[PDB]
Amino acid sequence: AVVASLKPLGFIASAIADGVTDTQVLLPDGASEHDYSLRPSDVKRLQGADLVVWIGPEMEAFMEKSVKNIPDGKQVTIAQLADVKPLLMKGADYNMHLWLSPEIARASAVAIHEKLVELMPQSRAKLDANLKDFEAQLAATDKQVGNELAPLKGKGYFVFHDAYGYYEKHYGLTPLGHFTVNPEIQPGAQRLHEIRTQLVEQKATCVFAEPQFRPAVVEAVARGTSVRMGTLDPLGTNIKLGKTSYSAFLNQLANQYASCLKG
């Protein structure tokens, strides 16, 4: 099997290795990328994976550990890829929420495909063809999203937790800023003040919760005000692995942003 660390890395691998081997996500639905640690049975899945896909040690900390035993032909480490490295952003030490960069996704699909062809050479036929389709969906989605999000350029909003840099920069969104960075921090207390003042001084159209964290803090700093409220799910927790899953992720996310920000 192809064992992906996070669900949207699954979405990608599931497209490339469709019909060739199954894909498996380690980080379960509704857990957060910051704050997991590998089950014994999750390490089994890694030890006997055909191919392992993850970002890199600055992101999925919890699995740097087990990935040192795995050799280079049996894994794809997306933060240290040829075409990705050059376009890593800074953390306002780089932002690693890469799985939302279509350019990076592309580069990842490529590298996955390469390694699978190597390991499973009698499936080259299908693999080559799965990839072609991916590149096509992905391209055609990047177009539709672009259009959907284009009218939200300018509209300022706030997000819980800083995950969306890559996506936001690429489609030209206009975030006023984030509540946290690591969302195991609260954050309080001045942070929450600076947001409040910004929201009541008109200035912001939407504020965005997340499903893997209590919206609790976001209602508040908003109640009373003319700010609308929504949610963003950066792990597409409610999307099934499949060919068209990663293109669905981006569309969903676009719709999440837009469903609140439209006007």
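When you see a residue number, it is the position in the sequence shown, counting from 1.
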Quiz item: Can you say how many deposited residues have no coordinates in the span between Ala92 and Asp93, choosing none, 1 to 3, 4 to 9, or 10 or more?
Solution: 10 or more
Quiz item: At the C-alpha atoms, which of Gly146, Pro151, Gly156, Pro71 reaches the highest B-factor in this entry?
Solution: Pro71
Quiz item: Taking the Cα B-factors listed in the entry, which of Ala216, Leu232, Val207, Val43 comes out highest?
Solution: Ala216
Quiz item: Which third, lowest, middle or highest, does the CA B-factor of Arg196 fall in along this chain?
Solution: middle
Exercise. Just say lowest, middle or highest third for the CA B-factor of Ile112 relative to the other modelled residues in its chain.
Key: lowest
Exercise. Select lowest, middle or highest to describe the third in which the CA B-factor of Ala1 falls within its chain in this entry.
Key: highest
Quiz prompt | Assigned third (lowest, middle, highest) for the C-alpha B factor of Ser101 | solution = lowest
Quiz item: Should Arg39 be placed in the lowest, middle or highest third of its chain by the C-alpha B factor in the entry?
Solution: middle
